[PDB]
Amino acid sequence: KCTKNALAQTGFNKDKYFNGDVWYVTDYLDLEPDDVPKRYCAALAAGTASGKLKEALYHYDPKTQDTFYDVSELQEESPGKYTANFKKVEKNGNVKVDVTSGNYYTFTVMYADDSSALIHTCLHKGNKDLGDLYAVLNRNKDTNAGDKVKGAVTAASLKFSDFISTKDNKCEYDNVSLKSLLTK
């Protein structure tokens, strides 16, 4: 089950956030981790296309090399708070799983600047919650969390010590497809 009391950034700048660029998940805190251990890689590209906010998502498992993509049309609930109805797609946009009613995620930009961000996500799949997930994002995949996003982690009453770094997971990203999926 997820918390809805996540606080959106005061004076959050949509323009720089939703610029069509890629954000890398450099650290994360899964509050409801799966039973089986999984090395994780994820990146996303939030922008706009044909009049809408769009977000394209990428997950990768270094170990199995399994990869999946999702692209969603975003609905602003409030500045900094968005609901996303996703569809799983091939890297060229061919739909593998259509948009469906109990399938969607919500996120709250808790902190953001030109280079970094702290988001909270709540994944809902099949009318069921997959639990809270907080992620530290960076425009550069090799950059360590700075003092500002860390103060933001503390400010949300979390411990950065409890966050898992993806820096050593031998991650690989497909930025080209991420960006082109933005219009699919």
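Sequential numbering from 1, following the sequence displayed.
S.K.: Quick one: say whether 96 to 104 or 109 to 117 has the higher mean Cα B-factor in the deposited entry.
M.R.: Stretch with the greater average CA B-factor: 96 to 104.
S.K.: When the Cα temperature factors in the entry are averaged, is it 32 to 40 or 62 to 70 that ends up higher?
M.R.: The stretch with the larger average C-alpha B-factor is 32 to 40.
S.K.: By the entry's C-alpha temperature factors, tell me which of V149, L137, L130, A156 sits highest.
M.R.: Max CA B-factor in the entry, restricted to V149, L137, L130, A156: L130.
S.K.: Using the B-factors in the PDB entry, rank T48's C-alpha atom against the chain and give the third, lowest, middle or highest.
M.R.: CA B-factor rank for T48: highest third.
S.K.: Tell me, lowest, middle or highest third: where does the Cα B factor of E90 rank within its chain?
M.R.: It belongs to the lowest third of the chain when residues are ordered by C-alpha B-factor.
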